[PDB]
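# Understanding the architecture of this molecule
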Amino acid sequence: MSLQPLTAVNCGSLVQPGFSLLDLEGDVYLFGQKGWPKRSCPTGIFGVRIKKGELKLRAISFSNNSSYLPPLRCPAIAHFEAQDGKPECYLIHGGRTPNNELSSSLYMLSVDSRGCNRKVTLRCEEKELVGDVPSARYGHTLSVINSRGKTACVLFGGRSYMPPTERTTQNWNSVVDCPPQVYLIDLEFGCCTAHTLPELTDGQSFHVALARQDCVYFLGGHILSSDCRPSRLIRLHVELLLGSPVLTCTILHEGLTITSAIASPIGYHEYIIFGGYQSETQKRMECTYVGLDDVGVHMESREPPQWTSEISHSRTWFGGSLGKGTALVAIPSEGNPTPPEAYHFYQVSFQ
Amino acid sequence: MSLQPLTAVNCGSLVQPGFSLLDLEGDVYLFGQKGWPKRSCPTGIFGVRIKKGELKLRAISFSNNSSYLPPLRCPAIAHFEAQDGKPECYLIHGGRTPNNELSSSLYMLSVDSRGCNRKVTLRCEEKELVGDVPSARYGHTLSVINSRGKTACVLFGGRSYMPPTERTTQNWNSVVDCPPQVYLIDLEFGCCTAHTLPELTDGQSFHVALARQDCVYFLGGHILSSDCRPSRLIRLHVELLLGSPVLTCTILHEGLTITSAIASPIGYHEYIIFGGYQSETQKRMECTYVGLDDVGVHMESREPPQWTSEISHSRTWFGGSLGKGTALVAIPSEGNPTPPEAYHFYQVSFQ
Amino acid sequence: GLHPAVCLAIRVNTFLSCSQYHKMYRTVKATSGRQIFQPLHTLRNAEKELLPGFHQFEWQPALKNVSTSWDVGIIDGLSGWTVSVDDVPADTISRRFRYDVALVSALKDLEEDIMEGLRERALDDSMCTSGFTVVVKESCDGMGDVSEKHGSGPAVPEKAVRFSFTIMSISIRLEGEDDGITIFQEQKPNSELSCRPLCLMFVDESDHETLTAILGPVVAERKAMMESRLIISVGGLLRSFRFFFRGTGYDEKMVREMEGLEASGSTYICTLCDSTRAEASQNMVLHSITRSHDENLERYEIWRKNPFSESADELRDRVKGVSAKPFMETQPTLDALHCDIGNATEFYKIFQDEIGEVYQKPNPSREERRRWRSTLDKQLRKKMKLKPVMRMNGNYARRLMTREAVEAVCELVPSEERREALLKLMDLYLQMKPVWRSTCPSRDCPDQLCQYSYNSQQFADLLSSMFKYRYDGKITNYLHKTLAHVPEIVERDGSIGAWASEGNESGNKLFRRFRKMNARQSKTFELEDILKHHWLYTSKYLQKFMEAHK
Amino acid sequence: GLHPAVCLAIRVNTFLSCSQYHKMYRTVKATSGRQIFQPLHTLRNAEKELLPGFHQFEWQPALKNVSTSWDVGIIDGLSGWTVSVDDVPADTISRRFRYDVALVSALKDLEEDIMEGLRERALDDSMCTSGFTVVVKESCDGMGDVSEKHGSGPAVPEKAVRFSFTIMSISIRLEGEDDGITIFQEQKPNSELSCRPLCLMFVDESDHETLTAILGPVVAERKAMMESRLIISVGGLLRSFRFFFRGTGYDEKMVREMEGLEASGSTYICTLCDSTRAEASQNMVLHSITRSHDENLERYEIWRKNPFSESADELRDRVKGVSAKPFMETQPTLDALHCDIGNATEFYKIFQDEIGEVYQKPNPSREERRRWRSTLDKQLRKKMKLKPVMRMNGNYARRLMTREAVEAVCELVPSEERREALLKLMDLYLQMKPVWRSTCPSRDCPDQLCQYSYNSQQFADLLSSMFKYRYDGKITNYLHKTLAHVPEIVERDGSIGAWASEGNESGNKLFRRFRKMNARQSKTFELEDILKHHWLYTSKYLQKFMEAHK
DNA sequence: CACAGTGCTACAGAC
DNA sequence: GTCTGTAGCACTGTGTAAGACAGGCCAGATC
DNA sequence: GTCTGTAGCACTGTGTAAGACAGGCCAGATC
DNA sequence: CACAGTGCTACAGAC
DNA sequence: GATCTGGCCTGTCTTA
DNA sequence: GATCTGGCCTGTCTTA
Ligand SMILES: [Ca+2]
Ligand SMILES: [Ca+2]
Ligand SMILES: [Ca+2]
Ligand SMILES: [Ca+2]
Ligand SMILES: [Zn+2]
Ligand SMILES: [Zn+2]
């Protein structure tokens, strides 16, 4: 366990408090630049490379085949691994754009060509969705499941803006948890089914999803109605059987209380959960390891890296997982005159 | 006959609107600087080296046995040529202290030691003046003369502050031309004789003096009573006999009208007057050549180096002669924010 | 003594600090009183009438997604940000009036001048109450270098954004035919005295995030507002107004932001036109205005959907510079102020390069260029009495372009053909300037207006001929805008300068004096108080008391 | 109908612009008037009394090198510069009152309070009128970032220098016998309400040549004036004043620069003592004040004349670092304000080093320097409600110095005995601070005063104990000044901080507003009318009216 | 222990 | 029982550019 | 014949930070 | 053809 | 050996 | 080869 400071070098104005790291085929790409894309990099996506403490951001270039994506802030990323037909995919949906609206449109982001010289072109294919569309929402989570042997996806959680009845220009900027109905999205075709369950009383937000082998475990998120941070862990088990995707669920004894957590895969299916927060005021310092198996998910805390007094004292913090048990964290920094760089960074690593 | 534009490199805060340039034994040292000396060079005297357009100023350090000098503004310099026993002399008297005052004390400044690497220690020596002392004054002129064959010195011109009885805190900063009496200063001993002038019914200032072979020519200068800049040039001739240094004088018909002129030596005794102000607004562009022979002064205009429109339009300009027909000029400059260098420079040369 | 309205105006309108005022009141009262002025709590109690959230109103049809409660005063503009640590920060403080309410109050304040314009018209009273049309110039402009307060939180950036509107005109239509018939028209729209602040924020223009969060509700107000007509009981009679909103008052950097255009030195220069740098260098004077809201929106959908699988380099040509979703409609119109500043600083640059011989020796150094600037400014001050400048304020931009200033920098350039050239150029400019900067060129300067196109033609031909070295592949945004789309604009509007940024921009000065003298002052309260006090400064009812009928 | 004096006080005391005022007058007069306020032209001849060059006076013995004319008002301070091109140019605008005249006007304005103090004393007013003693604190402090005006001429720098004074006390001695006897003592000297401007200039502090040219006359009348006693006709009778001039209000840099010292970081730290930097490192609490005017003057004459012929290094050792002839005389005293800011910034730096572990790792990287600043200011915002500064105002020094502010930092330092140590330090500081901050510690805070030497001993011991790594060869000027010469100067002047720069400095705020509201506004007249209007702001006569007698 | 504010809300005093 | 003036509340604005000294070391000239 | 209000005079203060594009070339991966 | 000032001086109008 | 891309660094421009 | 002294850069301090 360890952490070391990172200088953001040039161009640290890109990062905003929510953002997303896409780890695919080795190098990982930052996503969700602050504001609208600048023609320095119109694509919107950046390869990130960390070398000798320096954090360098490179301008990706999309393929001509692709649609271009707005810099969504806090979307649901589900990494879909490599298999037929066309590996490997990052399903991004739907976040909220640099204007204030919620996309509610699923994008599929994939690698395309390389290099020639250390260069990677990408392609974004938006997919049409008929339904029973998912309501436009953000901070929900999405996950990839395979039942015999068909692959589908599970979409649940997240806030949305107040429906257009109660919607008022004084309450316009409020949000509310969208209702608790899971959406099963086939990757292709674009059919989105909406089911609900009696076990799910309420909607959540920022609840970290783990997905393996036709089963999906939602960690405790943040419920806005009763303002609890459930220590109840949630599990659900779906199997797709012609011609319906039948779905079940269970509550668990014990689950974590943390919102806005960072899951960095290390082992086969074993992740290290950093966690953003214990409670509304006080952030979680504790670091935790989470494996999962067919019996169930097993939790073991591991000794957290010793935090510099700065990050121990910082009000808010965020980041993403570079994967391979390696992850990035980010600390806002107040200084005058402006740094200008707004965020100190640290790289964290397991074992 | 040409001008090279000069960069002030670092540290152009030193130079100031009046100042003096001492050319002795090769290199020329700048003298006088804005305000009081700074610890960087406490002596107050800088070596000047001009290389590849760069104007570089270096600290000079005095000998242990020498007095330290205030950065005078507009003193009378007389460069005393090599002979028994002790070349090479610069008689500086008395200028204007940066803390605003007139100093009536006369300094003899000279070379001492080198290098061991390109370093010249100097020595300053006050001289007690037995007199019959000269009233403290500025912009007056002083020049060395030799008669049969002993050597004395001639001091005349300049202004001074209002008589101390008549000086009121409202008229304090006013200044009047001191009375027209010449002071013959023997270098040693300190005897200063004051002498009346039936031919000069008025005092003047800024009048460039050229002294050859026991005769001294005062080129035109600004008179503050009638505010006229006489074209007439005024020659005097000094008779040193035992024990009476009686003094005669004569008016010359026609000469140049100039104030604050720069005399740059070229030939043996041939200096070119480099110009100054002809009127209270227009500044003389024309560059003029002056030989001095026993018959009289031989004066010929010379084709002036073509001035960049900047200096052709400059409100005011000043400088000093580096000798060997080479000299420096300086143009105040504006902008925003500060350049920082308040003065652009140019180097002029003959042939 | 005197009526509390006259007292209030004689406070608001001479800039007296409340504590300053009360100081004075105590003094006049104690000494020889027979107190005259009215005490503070009775000014405050005379206040509630003038601010919004007071006069009752109703909208036909009812407004979309807007509350029907008409009593709401100053609202914190955060507008329900849930301030959950887990979400985007709540950092920015703001206060705003609910737009519709600010309107009806702003306008019922004109009830005086609208009824007196109606009686000037000698127009029917009972009949034709409902046929009105109201044209509102709105403007939004940002302001930097604003220090902040220690305070309890929340942490907030330095720069402050002030969103304001002004009522330009109000007119009538019914029975029919009859064009439409002006009633009231703002006589000096560029005065601080008429600009109505609406939203005050602490935000940097650069971050788009919080700008759209806090101005989002405002936009839904206008857009939901255009369709409805407003019903106000005025002169005893309820009457129905239509509102026509023109945003004209932005600097271009911010226009470019709000409309998703790439900015601001981008190859696609014109906000109103599709020409690149090079194509605008070739043919300067011939262009047709395309860019507007609806097409920019369809343009973005092309940039995103991208149905033709075209490559980026060329895609950007096909959408012609729209990379982002515009969140507001601004009328396709130029701004007068930064046009004047852009051209002024241009000729400052041409002069500068023209001192030194630029076109003989094409490749000058840093040092000759700095020296050229030094002789230029030294001369301008020596003759034109203009100090050197940090940045080009329009006031030095008005004394810079005159024939006198040019003829004082004519002495500088030795070449006697060039003097002819830039001198004649400047006279061309003075001939076309009033065209856009006067309020209504149709009246004040008709003969310059009819000659504009031909006049700009000799101009561009003169640049592309003599000055070409500077203009070959590069032209400032403003030279292009001003040599191309102005005849089209004044044909579409008839006015430019009246729609200029001044009234917003110039009002910032008030904001600064209201963050110091009449502020609260603590982070929480203080915007509320600058805003209220602004609104009073700018109300007519108070200003009528200034002349006191001479 | 107000008396024109009362009205005038309303005007200058509530900061009302002539045009703002006349606006008010017209408005009140038209409505219900019965005009109350008095017109402009009757105020303009109303204050002819309150300005200088009005009341008649004379010195005996007659002053040296000063005219005998007592009617002279605002004088251009250039004071007869011939402004010939050939000479050193006159680049500066200034205006000043002839110092003596400014004085008799200040005092003739205290006539009221000294008569009511004399009666309160029941000291017979008519008898024993000649033995007065007047103690005048003068202060000179400069100000940056003042933008030049386009104007005509001449060219002038941005920075502006405001030279002022204030009457601290006036007392009496005769018949003999007892001490001297206070009559009047300024009750709040640090108020900008009493700071009397005298000379206003546009000058850069850096150039000595112009600062001494313009302030040269002023000094000459001080040092010619110390000798002669004043004769005023006051309370009906001719009475005579002695004046004791203490310049206490200069900041350190300017003290050094008018005293010929080497500013500001030179090896010789103490303006009041000969100690070097490293010499003041080892020993701290023990020092004896030497440096004084006549001594620095003789010391220059040594540095110049140089009879012992030491090399530069040794020579600078022999005069203890006097390299220049001082002109002004300045009292050997310590400014309170910049003392407070210098100590606060030192503790701010100690905090920064205790965030990280400096003594554990002696060689910190630059990135961690910035990182420590960022967590420190994060902390001080979360608790203590403070926001970082570039230069530190003393008001952030007053929130930083307190013990509960050291509490939010004590939570940052992991180490326990450190956390105790700096906490103990800060309590030492709060115990010694009031000594030099409060007006008269001889009464207000006697026990801290008596314990101060022991208390500072305690402190320096603590420093050289746990902090030595920071203090080994280097100590900030003010830490030394405050740990060394304070008990001495409080014993000497009797009190300190009443003499602080505060009362000068504050007044600068007025010079900014008075250069906008009440400026003329053009280069020529602008200093003249700021200065006049300031003087009127300062006068007691008006503030009396503005009290309204409860 | 700088000092004069900065506007509003409560909370007392006044016919 | 309304009217009126003053203390709570937290916080601002005026404190805003230069120089000194120490050590290394590369450039560059004697020798 | 004093008192009073308004036009001459020259000039301010509010317009204040980012990004785009083009060419070089050295670094560094690819073969 | 921004606009409301910024103070003072002359220069007219008013009982 | 020698491309290509990415890099900064610089050299500009245009708006604020 | 190899000093010396400067020279700049860097480095920081201390004041405003
Ligand atoms: Ca702007
Ligand atoms: Ca602005
Ligand atoms: Ca200062
Ligand atoms: Ca100051
Ligand atoms: Zn166009
Ligand atoms: Zn000392």
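Residues numbered from 1 in each chain as written, not as in the entry; some residues may be left out. Chains lettered and ligands numbered in written order. Heavy atoms only, no water.

## A look at the sheet that holds strand β24 (residues 297-301) of chain A
Residues and elements named next belong to chain A. The antiparallel open sheet is built from 4 strands, whose spatial order is β21-β22-β23-β24. Looking along the sheet, the strands with just one partner apiece sit at the ends: β21 (263-265) and β24. Along the sheet, successive strands turn relative to each other by an average axial angle of 25°, direction set aside. Pairing of β21 with strand β22 (residues 271-273), which is carried by 3 bridges, proceeds in the antiparallel orientation. When the bridges of β22 are listed, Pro 265 appears paired with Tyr 271. (Pairing = 2+ DSSP bridges. Helix = DSSP H or I, 4+ residues; strand = E, 2+ residues; numbered from the N terminus. Axes fitted to C-alpha atoms, helices over the stretch in contact; angles between N-to-C directions.)

## Description of the coordination of the zinc ion (ligand 6)
Residues and elements named next belong to chain D. Protein coordination at the zinc ion (ligand 6): the donors are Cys 270 (SG), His 480 (NE2) and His 485 (NE2), at 2.1 to 2.5 Å from the metal. Mapped onto the sequence, the residues coordinating the zinc ion (ligand 6) show the spacing C-x209-H-x4-H. Remark: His 485 occurs in the loop between α18 (477-484) and α19 (486-493) and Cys 270 occurs in the loop between α6 (252-258) and α7 (279-282); sequence separation between them is 215 residues. The burial state of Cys 270 is the same as that of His 485; both residues are buried. (Donors = N, O, S within 2.8 Å, 3.2 Å for Na, K, Ca; no water. Buried < 20%, exposed > 50% of the residue type's maximum accessible area, 1.4 Å probe, protein only.)

## Some details on the interface of chain C and chain B
At the interface, 14 residues of chain C touch 16 residues of chain B. In total, chain C and chain B occlude about 1400 Å² of area from one another, counting both sides; carbon and sulfur atoms represent 51% of this. Taken together, the links from chain C to chain B amount to 1 salt bridge. In this structure, the salt-bridge partner of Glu 310 of chain B is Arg 371 of chain C, at a minimum N-O distance of 3.2 Å. Along the contact surface separating chain C from chain B lie 5 residue pairs in polar contact. Per-class residue counts for the side of chain C that touches chain B are 5 nonpolar, 3 polar and 6 charged. (Contact = heavy atoms within 4.5 Å. Buried area = accessible area lost by both parts, 1.4 Å probe. Salt bridge = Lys/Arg side-chain N within 4 Å of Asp/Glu carboxyl O. Polar contact = N/O pair within 3.5 Å; in protein donor to acceptor, adjacent residues only side chain to side chain. Nonpolar A, V, L, I, M, F, W, Y, C, P; charged D, E, K, R; others polar.)

## Some remarks on the coordination of the calcium ion (ligand 4)
Residue and element names in this part refer to chain D. Surrounding the calcium ion (ligand 4) are the protein donor atoms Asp 141 (OD), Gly 142 (O) and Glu 505 (OE), which sit 3.0 to 3.1 Å from the metal. Between consecutive donors of the calcium ion (ligand 4), the numbers of intervening residues give the motif D-G-x362-E. In this structure the calcium ion (ligand 3) is found 4.9 Å away from the calcium ion (ligand 4), and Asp 141 serves as a bridging donor for the pair.

## A word on helix α18 (residues 452-471) of chain C
All names here are of chain C. Helix length check: α18, at 20 residues, gives a terminal C-alpha distance of 21 Å against a target of 28 Å (1.5 Å per residue), a shortfall beyond 12%. Considering bend angle alone, the principal kink of α18 is centred on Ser 465 and spans about 65°. Inspection of α18 places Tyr 452, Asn 455, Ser 456, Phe 459, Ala 460, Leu 462, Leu 463, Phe 467, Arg 470 and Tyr 471 among the buried residues, and these make up the whole buried set. Looking at the buried side of α18, the elements it contacts are α8 (277-282), α11 (336-355), α15 (416-437), α17 (446-450), α19 (477-484) and α20 (486-492). (Expected span 1.5 Å × (residues − 1). Bend = angle between axes of the 7 residues up to and from the residue.)

## Remarks on the environment of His 344 of chain A
Assignment of secondary structure puts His 344 of chain A in strand β27 (residues 343-349). Classification of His 344 of chain A as buried rests on a relative accessible area of 14%. Placed 93 residues apart in sequence, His 344 of chain A and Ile 251 of chain A show a C-alpha to C-alpha distance of 39 Å. Setting aside residues up to four positions removed in sequence, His 344 of chain A forms contacts with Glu 310, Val 329, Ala 330, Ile 331 and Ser 333 of chain A together with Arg 371 and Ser 374 of chain D. At 3.4 Å, the side chain of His 344 of chain A and the side chain of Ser 374 of chain D are in polar contact.

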